[PDB]
Amino acid sequence: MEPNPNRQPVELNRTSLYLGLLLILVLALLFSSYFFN
Amino acid sequence: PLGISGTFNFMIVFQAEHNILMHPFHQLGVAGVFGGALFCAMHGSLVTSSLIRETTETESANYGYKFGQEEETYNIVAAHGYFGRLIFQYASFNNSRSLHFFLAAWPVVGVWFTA
Amino acid sequence: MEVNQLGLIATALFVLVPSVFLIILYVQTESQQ
Amino acid sequence: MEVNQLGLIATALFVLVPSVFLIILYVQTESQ
Amino acid sequence: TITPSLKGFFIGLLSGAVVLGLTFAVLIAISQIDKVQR
Amino acid sequence: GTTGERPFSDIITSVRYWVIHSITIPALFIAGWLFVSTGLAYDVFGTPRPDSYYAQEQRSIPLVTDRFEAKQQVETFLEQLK
Amino acid sequence: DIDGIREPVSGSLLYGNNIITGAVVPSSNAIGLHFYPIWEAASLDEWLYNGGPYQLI
Amino acid sequence: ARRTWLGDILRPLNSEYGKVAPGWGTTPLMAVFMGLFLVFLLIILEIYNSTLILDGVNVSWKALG
Amino acid sequence: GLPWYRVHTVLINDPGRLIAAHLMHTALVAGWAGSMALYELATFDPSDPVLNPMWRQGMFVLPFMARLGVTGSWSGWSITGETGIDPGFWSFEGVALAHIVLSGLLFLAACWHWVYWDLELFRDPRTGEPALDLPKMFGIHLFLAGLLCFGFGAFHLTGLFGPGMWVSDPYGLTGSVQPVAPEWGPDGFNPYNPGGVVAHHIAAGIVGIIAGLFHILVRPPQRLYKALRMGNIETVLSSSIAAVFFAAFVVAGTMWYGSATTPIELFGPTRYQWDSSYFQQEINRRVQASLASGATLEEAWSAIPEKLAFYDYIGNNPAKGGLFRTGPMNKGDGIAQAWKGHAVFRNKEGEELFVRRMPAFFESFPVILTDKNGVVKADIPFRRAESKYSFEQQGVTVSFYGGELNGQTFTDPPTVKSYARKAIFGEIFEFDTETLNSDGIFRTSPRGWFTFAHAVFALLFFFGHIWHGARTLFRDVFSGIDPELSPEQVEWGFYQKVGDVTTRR
Amino acid sequence: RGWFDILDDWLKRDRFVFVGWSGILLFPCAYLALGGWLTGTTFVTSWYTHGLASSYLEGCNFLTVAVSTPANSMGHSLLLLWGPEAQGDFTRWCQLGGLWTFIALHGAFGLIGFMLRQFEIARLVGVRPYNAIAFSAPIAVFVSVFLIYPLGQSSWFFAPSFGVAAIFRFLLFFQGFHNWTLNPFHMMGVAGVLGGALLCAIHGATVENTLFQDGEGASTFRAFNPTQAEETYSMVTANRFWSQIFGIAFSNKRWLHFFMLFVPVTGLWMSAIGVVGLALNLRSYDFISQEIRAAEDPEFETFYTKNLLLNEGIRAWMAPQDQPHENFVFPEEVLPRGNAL
Amino acid sequence: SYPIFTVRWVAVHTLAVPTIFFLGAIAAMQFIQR
Amino acid sequence: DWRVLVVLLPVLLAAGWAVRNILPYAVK
Amino acid sequence: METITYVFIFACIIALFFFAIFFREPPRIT
Ligand code: CLA
Ligand code: CLA
Ligand code: CLA
Ligand code: CLA
Ligand code: CLA
Ligand SMILES: CC1=C(/C=C/C(C)=C/C=C/C(C)=C/C=C/C=C(C)/C=C/C=C(C)/C=C/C2=C(C)CCCC2(C)C)C(C)(C)CCC1
Ligand SMILES: CC1=C(/C=C/C(C)=C/C=C/C(C)=C/C=C/C=C(C)/C=C/C=C(C)/C=C/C2=C(C)CCCC2(C)C)C(C)(C)CCC1
Ligand SMILES: CCCCCCCCCCCCCCCCCC(=O)O
């Protein structure tokens, strides 16, 4: 049985890393007050 | 106040002492920022709608643009052809300079008034 | 202040888990190049 | 049982942090 | 039995039908008259 | 850059346009005027006139309080003005 | 004491605020529009009670 | 591809990919059923809304006894 | 390579691994179900279904097992309070275990289908390419859905071969699992009629069987195949998402307004029962009936069951909570212990006075007492210097009939004000605030939390429908527009019909 | 070549106002929604549902006219003209609030028609459907605020009334009763709207100030041709400027314009979610930690406790007139008030 | 040779005709006394 | 009632006058 | 503990600013 032909590399460039970490950190900053309540 | 809830306190007391909602300069500020958000979405969606096919479906279409390329990355005539039919022909820009000047002017001017 | 004790672990995993996800994808992107 | 409430976060991070470290090193090995 | 609101329901139902059928009737006629040339 | 209809600018500078519309516009204006001046608008829409928001010695709002008798309630309020 | 009535409003995280409720509180009404730099206070304790940091910022 | 016993049994159920009936086929009949179902859903909605009130249909908890 | 937000598109042309993914998702969901049930069992107090029912305890999946006939624990208790019972294997614990075993089995099948992805079943025999005949798959799956829907109504719900479902009286006092006979007349479309739920599953099940037969035997017309891109599995995702957000809105609505399938002993009262004083009217109806047959005040109110009094309390109203006020209702006002009795207020002249109840809109509400005509006769004033209606000036007193304080009268103004502050909430209960360290602030019930989540997911799934439907009808330009688009196609007048090159002028 | 294709032909003709199949839904509903609002604001009272005047005919101006919600006693009645409340009487229908449901429902179906029109035209022209997708956000706002919100409350009475001032009253209601400014979903909406406006202004100004000299005139507009292939401004100089001014800049034009779609669309979607919660009174009203401390410690004060006093004033001072069906009678002595005022 | 009556003509007058009528009615209203 | 005819008269007259002035070109 | 958490997240954001500016992927012409 052949290997699966549908497999694909995935990527996240450095700018997307920075944008995502910023999103997550700002969301946590926003929601943390409500989690502690 | 330099705080999040302090900002709200300021807004509420401003409304009781000045009835800012019934003031036309605040109403223009709302039109400035609502229209600003609207036209942000419009421009973003019309340019994104008319990107020229430069990539495969397995890759971000953003890789179809290279920093500094001389050619435009979307087709403004197709965007205009779509938006002018959405409304009518003459409510759509076909001059990119007039379009981006309008983008600049509307929220700036509305926020001048609200300030 | 009498805050929700679980707010700390909630905040910690809310930061940690998606951040780790991005870092994993970033680092394996660099090592392809 | 009256257990220590920082026990939960200490155990969770004790697992997560070194586990993630290894996962990071392994995945970038496979893609190179 | 057939209550006042069920009667109103049928009125609303027939009025909608009239509006849609009249609208489509007119739209078909115009499209038959003024066709595109290929 | 055209789809076949007559340009607007050509229409509203034309003489025939203004021969029709120097009539149709004031007519429509006067019609709306009369709709109000005759009092018809009050009757069609049920809008109180300035003398019919309250009964003379009443200061309560004739507020509808029932869903399925609402119609009869409004009618009962109005008769308390006649 | 934002409103100059000796009714001090707590704005910082260590005095019981979170991110949403915290603030640097405006200077005292007792000061009005007077310039209140640090060197005009008899002490930092005084400057902090009356809202000096707001003006500086 | 791998053949299996269950596979060979199920085979004809996945053997007519792309087969269509010509033109409009049963589309006129489908539209009839759609329109009936719309009316049916209107009725049910307006019963719940108390816009359609029917004899012996008390839209209330008190309809549990 | 693929951006992060597209990793799962590798399954679009891989039916085996698509099945493996669907199996893994099904294992995860079944596993959650079993885990959630075990957690609820470990925290549920079954010792008082009158004043500490499941819905006061933040129970979420317990009421769904009870709704369809699971009512007892292997531990010997049942949720209706019967003790010393034997459920057999389909206890709460056995249902939880089954889902866990089911999860494990699905997970192994997921592994097999992932490894052995290249099954000949998935290949088009003519072209050799992976292909699914989606029209026929739909008729098969619809036929199956129809058989299950029919059986569920014809056997489980009727009690012909099954337990029935939860049914109750209109005031949520005596509910239980009972077989339900279908209602075939127009009252079967009444949301509050349980017989309609039976008839619906029987009829819809037969209709599903018949439509399924149709969809196995009749090919889709060519006009419709091309219009809906029936060769593209993503059109199925688009319409399936739409059907699902439709379903989600419906179950949010019926949860919120109440229907025969969201009974109040399992999910709590609705806010509309507070709005309309639904339970207070019934209570008053009974007290008036006991008085007419000659009972004293003490006797008539003592006949009011505690369970009914407890419904007439704003703390069980699901519209009194907040988004980040977490946990069971018991964490807020506490664990209800006892009805204190019905408070009657009178002024110094002996008129009965009535506390104006808090509406659900208000976090805080003032204390205002009215006579039968609605005329204000006493309050707790804010500014004291010009007060006319204070309790002190009017000589307000409170007497209790029924409950724990039955026959007791209080006259010291501060105590009287204290009960007046509670009476705005409805009937007055004693709470244990210590056991859970309750903070005294109202939380919403499972009825509230379920409606919220399902209304929000429904709205979000509407975006998914728009997204995947767009991707289906615009697959050809997903990656951008034709770089050889000529301006005559998008300019005005060139073609008579927009985008139709055969209509050139 | 039957009637369906012939009608398709005619619907999709290139004309001054494109029609399309979507036009059959859009044009009647949009015009009726619009016409109902102008009719009501010009002629129709709110006396029997609200105890308010609300038309030009009655003396109101553009800011205070409204088509107001129906009476709380109608519940969530569709209030069909031929329904059991108005019983086919147009006049009573107007006085009972029927124009409100008329406008909201026709407006809803008009919104659907407009988004279908975006799909239809984009398919015919050959562009991607991202304008349609962007429009999901105003749809979500409309349905959450005008439909879902009052559906979780007691009646349509508590939806927004269609008027300038009446919306102002809606905002203030939400402050006092829901403490909506404290809600992180509204906050995300605020960031999305303000962030979108910022993006709009900063992108328009950057382009206009990084233009290439492509003509000799001092009016730089004339030096653009819609069919030119060349970018009309320098991405490279714009990137340098913003990198040195702000630290970071865009470098990808496609990302830039997608981001401009993303920010305000996401913000509006977030706020819709919060309003769905408020349909159930599922508010972010309080911080429990703050209330416990403040209850025990009368010297503890924050901008959070100050704003709740304002909410308490809003509720007590506006409820009797804003909710006349409740027959709230608050004697002077119970009104919360500070010193002197 | 331009056509007179068009879809456009209908759209235009669908809005224009009531607009003038409403303007007339609103003008009359400025002379109403209480 | 009579107020309806009063309102509707200018509209009918204006519609008549437009018909008269446009009829020849509408036939074409 | 809540104060520590708030300040920790804030300081992580500032640190991120530093990498995003000085250790960005450099824009490269065409
Ligand atoms: C052998 C099968 C089986 C059985 C008997 C049960 C039994 C049960 N499950 Mg479990 N479950 C199973 C498999 C099973 N499950 C699987 C495979 C999964 C993984 C998906 C789960 C996941 C799961 C969850 C997540 C939960 C349960 C729960 C429950 C309980 C409540 C059931 C309920 O309310 O359903 C509700 C029924 C529906 C939602 C069905 C609506 C279906 C829609 C309307 C049909 C869609 C349209 C249709 C196709 C059109 C048909 C056409 C028509 C013309 C015929 C009950 C004890 C609940 C519980 O208490 O857990 C402890 C719970 O929360 N189950
Ligand atoms: C439909 C889903 C559903 C529903 C309605 C409930 C409902 C309930 N659960 Mg259950 N639960 C669920 C799923 C669900 N659960 C799942 C999947 C789990 C496993 C994690 C649990 C685990 C669980 C436990 C362990 C407990 C409950 C408990 C409860 C009760 C209290 C809930 C509460 O306080 O919420 C609080 C809810 C919130 C604070 C809302 C959170 C909203 C988030 C923060 C918003 C995120 C926004 C996002 C970041 C924005 C991004 C935008 C941008 C990036 C694009 C209640 C009856 C409790 C109980 O009483 O048990 C007896 C309890 O102890 N549940
Ligand atoms: C039955 C539901 C369903 C299914 C099977 C899919 C399937 C798919 N989607 Mg759609 N989608 C859906 C619902 C669904 N979607 C809904 C409801 C929305 C609106 C929110 C969308 C919006 C959407 C967009 C905008 C896009 C897709 C895309 C895709 C494809 C790639 C997804 C991927 O790689 O994610 C990868 C995702 C991750 C690696 C992480 C996601 C983490 C999220 C933010 C939070 C975690 C959720 C949590 C774990 C559990 C969920 C709880 C609850 C929902 C049960 C794939 C075919 C993409 C596409 O078209 O590519 C061509 C794409 O761009 N989807
Ligand atoms: C596409 C256009 C369109 C759409 C979607 C709507 C939609 C709506 N209108 Mg609006 N309306 C329209 C055009 C439209 N209208 C036009 C053109 C006018 C001017 C005439 C109006 C005037 C109007 C008024 C005055 C009112 C509405 C109302 C309504 C609502 C209720 C509709 C209803 O119950 O229909 C029910 C009917 C149908 C859905 C039609 C079903 C078709 C069936 C299947 C055919 C049945 C066959 C036939 C009857 C058999 C004949 C047998 C015979 C020989 C006996 C809904 C929001 C009401 C409203 O807003 O309430 C607030 C209301 O009072 N409409
Ligand atoms: C810095 C100030 C600020 C900012 C930027 C915002 C921003 C926002 N607020 Mg908040 N708000 C604020 C302060 C602020 N708010 C304060 C202090 C309060 C007091 C508590 C509120 C109370 C408040 C409420 C009560 C609500 C908002 C809502 C909103 C959102 C409105 C979204 C929108 O465009 O709706 C505009 C409406 C639409 C997009 C709907 C569809 C519109 C269609 C397309 C209309 C088409 C028009 C048609 C052509 C006919 C027009 C012709 C006619 C005019 C002649 C947005 C996130 C709303 C929200 O969150 O919604 C979910 C909401 O209901 N705000
Ligand atoms: C293997 C096997 C087995 C076993 C099994 C097991 C052991 C299993 C388990 C399972 C399980 C145990 C599972 C679980 C699951 C879970 C889940 C899946 C979860 C989810 C979650 C989520 C999703 C969440 C989310 C969220 C959050 C977090 C927050 C809030 C919001 C939300 C809700 C969204 C057996 C023996 C049978 C047999 C043989 C084989
Ligand atoms: C509801 C209804 C209906 C319908 C109706 C309609 C359809 C109507 C329409 C109406 C209309 C359609 C109206 C219109 C109006 C308009 C107006 C009233 C306008 C105004 C304007 C203004 C005043 C403006 C001004 C200005 C300014 C201020 C500035 C600039 C310039 C100008 C000029 C723009 C029917 C019958 C079905 C029946 C049922 C009910
Ligand atoms: C499918 C879309 C339906 C569109 C048309 C629906 C409404 C059309 C007009 C119907 C209302 C006018 C007649 C009904 C007036 C009621 C009088 C009566 O109850 O006897």
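If you check the header, you'll see the entry was determined by X-ray crystallography and the resolution is listed as 2.01 Å.

Looking at the PDB entry, one finds chain H named Photosystem II reaction center protein H and attributed to Thermosynechococcus elongatus. Readers searching the PDB will find this entry under the title "RT XFEL structure of Photosystem II 250 microseconds after the second illumination at 2.01 Angstrom resolution". The Subcellular location comment attached to chain H in UniProt states, word for word, "Cellular thylakoid membrane". UniProt, in the comment section headed Sequence similarities, describes chain H in these words: "Belongs to the PsbH family."

The name that the PDB entry assigns to chain B is Photosystem II protein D1 1, with the source organism given as Thermosynechococcus elongatus.

Peer 1: Go over the overall build of chain H with me, naming the residues and quoting the values.
Peer 2: Along the backbone of chain H there are two helices and zero strands. Against the globule reference of 11 Å for 65 residues, chain H gives a C-alpha radius of gyration of 23 Å, more extended than a compact globule. Summarising its shape, the C-alpha atoms of chain H cover approximately 60 × 35 × 15 Å along the three principal directions. Across the 65 residues in chain H, those meeting the buried criterion constitute 23%.

Peer 1: How would you sum up the arrangement of the chains? Please name residues and give values.
Peer 2: There is a clear gap between chain C and chain E: no contact, and 52 Å between their nearest C-alpha atoms. With no contact formed, the shortest span from any C-alpha in chain G to any C-alpha in chain I equals 14 Å.

Peer 1: Tell me about a negative patch on the surface, and name the residues and values.
Peer 2: On the surface, a cluster of negative charge is made up of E54(B), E70(B), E71(B) and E230(J). In this fold, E70(B) is placed in the loop between α2 (24–49) and α3 (76–86).

Peer 1: Break down the interface of chain J and chain K for me, citing the residues and quoting the values.
Peer 2: Taken together, the contacts link eleven residues of chain J with ten residues of chain K. Across the interface of chain J and chain K, roughly 880 Å² is buried in total on both sides, 88% from carbon and sulfur atoms. Linking chain J to chain K there are zero salt bridges. At the junction of chain J with chain K, the criterion picks out one residue pair in polar contact. With five residues, helix α2 (residues 22–43) of chain J is the single largest residue contributor to the side of chain J that touches chain K. In terms of residue class, the side of chain J that touches chain K is made up of eight nonpolar, two polar and one charged.

Peer 1: Residues and numbers for the nonpolar core, please.
Peer 2: Counting residues in hydrophobic clusters, the biggest one holds 188 residues, and the most contacted among them are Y82(B), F345(I), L369(I), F43(J) and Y149(J). Counting residues domain by domain, this core receives three or more from each of domain 1 (1–270 + 444–480) and domain 2 (271–443) of chain I. For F345(I), the residues in contact, after removing those within four places along its chain, are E351(I), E352(I), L353(I), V355(I), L369(I), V396(I), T397(I), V398(I), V416(I), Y419(I), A420(I) and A423(I). Within the second largest apolar cluster, 20 residues are counted, among which are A37(I), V61(I), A66(I) and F92(I).

Peer 1: Give me the site of ligand 2: which residues, what numbers.
Peer 2: Around ligand 2, the structure places 21 residues, and the nearest of them are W32(I), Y39(I), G58(I), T326(I) and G327(I). More than one chain approaches ligand 2, the contributing ones being chains A, C, I and J. At 3.2 Å from an oxygen atom of ligand 2 is found a side-chain nitrogen or oxygen belonging to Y39(I). Contact distances for ligand 2 include 3.4 Å between an oxygen atom and a backbone N or O atom of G58(I).

Peer 1: Would you mind going over the interface of chain J and chain I in detail, with residue names and values included?
Peer 2: Interfaces are often described in size by the accessible area the parts lose on coming together. Taken together, the 68 residues of chain J in the interface contact 72 residues of chain I. Each partner contributes to the roughly 5,800 Å² buried at the junction of chain J and chain I, and carbon and sulfur atoms together form 64% of this total. Among the ionic pairs, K497(I) bridges to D9(J), the shortest N-O distance being 3.0 Å. Across the chain J-chain I interface, the total number found is 30 residue pairs in polar contact. Secondary-structure elements contributing two or more residues to the side of chain J that touches chain I are α1 (3–11), α5 (98–125), α6 (130–152), α7 (164–178), α8 (184–208), α10 (253–279) and α12 (303–322) of chain J. Per element, the largest residue contribution to the side of chain J that touches chain I is nine residues, and it comes from α6(J). Looking at side-chain class alone, the side of chain J that touches chain I contains 39 nonpolar, 14 polar and 15 charged residues.

Peer 1: Describe the coordination of the magnesium atom of ligand 5, with residues and values.
Peer 2: If you check the protein contacts of the magnesium atom of ligand 5, you find one donor only, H186(J) (NE2), at 2.1 Å. Relative to the elements of secondary structure, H186(J) occurs in helix α8.

Peer 1: How would you explain the packing of α3(B) against α5(J) if you had to name every residue and give the values?
Peer 2: It is at 10 Å that the axes of α3(B) and α5(J) come closest, and there the two elements cross at 140 degrees. The way α3(B) lies across α5(J) gives a crossing that is right-handed. Where α3(B) abuts α5(J), its residues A78(B), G81(B), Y82(B), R85(B) and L86(B) lie against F114(J), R117(J), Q118(J), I121(J), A122(J) and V125(J). A class-by-class count of the residues in the contact of α3(B) with α5(J) yields seven nonpolar, two polar and two charged.

Peer 1: Tell me about the pattern of salt bridges, residues and numbers included.
Peer 2: This structure, assessed with the given rule, holds 47 salt bridges over all chains. With a closest N to O distance of 2.6 Å, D333(I) and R56(I) form a salt bridge. A residue pair is termed long-range when its members are at least 10 positions apart, and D333(I) in the loop between α12 (306–311) and β3 (335–346) and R56(I) in the loop between α1 (15–43) and α2 (62–67) qualify at 277 residues. Both residues of the pair, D333(I) and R56(I), belong to the buried class. One network of salt bridges, in which partners are shared, links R38(E), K497(I), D500(I), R1(J), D8(J), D9(J) and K12(J).

Peer 1: Describe in detail the site of ligand 6, supporting the description with residues and values.
Peer 2: Residues and elements named next belong to chain I. Near ligand 6 you find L28, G31, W32, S35, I100, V101, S103, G104 and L108, and these make up its full shell. Contact with the protein chains removes 33% of the 960 Å² of surface that ligand 6 exposes when unbound. The set of elements that each furnish at least two residues to the shell around ligand 6 consists of α1 and α3 (92–115). Residues belonging to the shell around ligand 6 are distributed by class as follows: five nonpolar, four polar and no charged.

Peer 1: Go over the packing of aromatic side chains, please, and point to the residues and values.
Peer 2: For any two aromatic rings, the description comes down to two numbers: the centre-to-centre distance and the angle of the planes. Enumeration over the complete set of coordinates arrives at 107 aromatic pairs over all chains. Arranged with centres 6.3 Å apart and planes meeting at 65 degrees, the rings of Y171(I) and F279(I) form a pair that is edge-to-face. One end of the pair, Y171(I), is in the loop between β1 (165–167) and β2 (176–178); the other, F279(I), is in helix α10 (residues 278–292), with 108 residues separating them in the sequence. Each member of the pair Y171(I) and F279(I) is classed as buried. For the pair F241(J) and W242(J), a centre-to-centre distance of 4.9 Å together with 80 degrees between the ring planes defines the contact as edge-to-face. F241(J) gets classed as partly exposed once you look at its relative accessible area, which sits at 44%. Each residue in the set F361(I), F362(I), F365(I), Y149(J), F157(J), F158(J), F170(J), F173(J), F174(J), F177(J), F328(J) and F330(J) is aromatic and connected to the rest through ring pairs, giving one cluster. Note that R471(I) overlies the ring of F478(I), its terminal NZ or CZ placed 4.3 Å from the centroid.

Peer 1: Any details on α6(J)? Residues and values, ideally.
Peer 2: All names here are of chain J. For α6, spanning 23 residues, the distance from its first C-alpha to its last is 32 Å, which sits close to the expected 33 Å at 1.5 Å a residue. Along α6, the largest kink reaches about 35 degrees and is centred on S144. Among the 23 residues of α6, 20 are classified as buried, and the element is accordingly described as predominantly covered.

Peer 1: Mind laying out the pairing of strand β9 (residues 428–432) of chain I, listing which residues take part and the relevant values?
Peer 2: Residues and elements named next belong to chain I. Within β9, four of the five residues are buried, leaving the element largely enclosed by the surrounding structure. As paired elements, β3 and β9 share five bridges and run antiparallel to each other. Residue pairing in the sheet places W339 in a bridge with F429 of β9.

Peer 1: A description of the side chain of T45(J) should follow, citing residues and the corresponding values.
Peer 2: Here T45(J) shows up in the loop between α2 and α3 (47–50). A relative accessible area of 6% places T45(J) in the buried class. Here the side chain of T45(J) touches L52(J) through a polar contact of 3.5 Å, landing on its backbone oxygen. A distance of 2.6 Å separates a polar atom in the side chain of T45(J) from a polar atom in the side chain of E58(J). Excluding its chain neighbours within four sequence positions, the residues that come into contact with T45(J) are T47(F), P48(F), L52(J), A53(J), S54(J), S55(J) and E58(J).

What counts and what doesn't
- Residues numbered from 1 in each chain as written, not as in the entry; some residues may be left out.
- Chains lettered and ligands numbered in written order.
- Part of a larger assembly, values for the part shown.
- Heavy atoms only, no water.
- Residues with missing side-chain atoms left out of burial classes, pairs and counts.
- UniProt positions renumbered as here; feature names shortened; annotations may be inferred.
- Helix = DSSP H or I, 4+ residues; strand = E, 2+ residues; numbered from the N terminus.
- Rg over C-alpha atoms; globule rule 2.2 N^0.38 Å.
- Buried < 20%, exposed > 50% of the residue type's maximum accessible area, 1.4 Å probe, protein only.
- Contact = heavy atoms within 4.5 Å.
- Patch = residues over 30% accessible without salt bridge, like charges linked within 9 Å, V, L, I, M, F, W, Y side chains within 5 Å.
- Areas by Shrake-Rupley, 256 points an atom, 1.4 Å probe, with all protein chains shown as cover.
- Salt bridge = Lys/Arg side-chain N within 4 Å of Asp/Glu carboxyl O.
- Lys, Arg positive; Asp, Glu negative; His and termini not counted.
- Charge placed at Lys NZ, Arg CZ, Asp CG, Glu CD.
- Buried area = accessible area lost by both parts, 1.4 Å probe.
- Polar contact = N/O pair within 3.5 Å; in protein donor to acceptor, adjacent residues only side chain to side chain.
- Nonpolar A, V, L, I, M, F, W, Y, C, P; charged D, E, K, R; others polar.
- Core = buried A, V, L, I, M, F, W, Y, C linked by side-chain atoms within 4.5 Å.
- Domains from an automatic or database assignment.
- Near = heavy atom within 4 Å.
- Donors = N, O, S within 2.8 Å, 3.2 Å for Na, K, Ca; no water.
- Axes fitted to C-alpha atoms, helices over the stretch in contact; angles between N-to-C directions.
- Left-handed = near helix turned anticlockwise from the far one by under 90°.
- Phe/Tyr/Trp six-rings, centres within 6.5 Å; stacked < 30°, edge-to-face > 60°.
- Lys NZ or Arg CZ within 6 Å of the ring centre and 35° of its normal.
- Expected span 1.5 Å × (residues − 1).
- Bend = angle between axes of the 7 residues up to and from the residue.
- Pairing = 2+ DSSP bridges.

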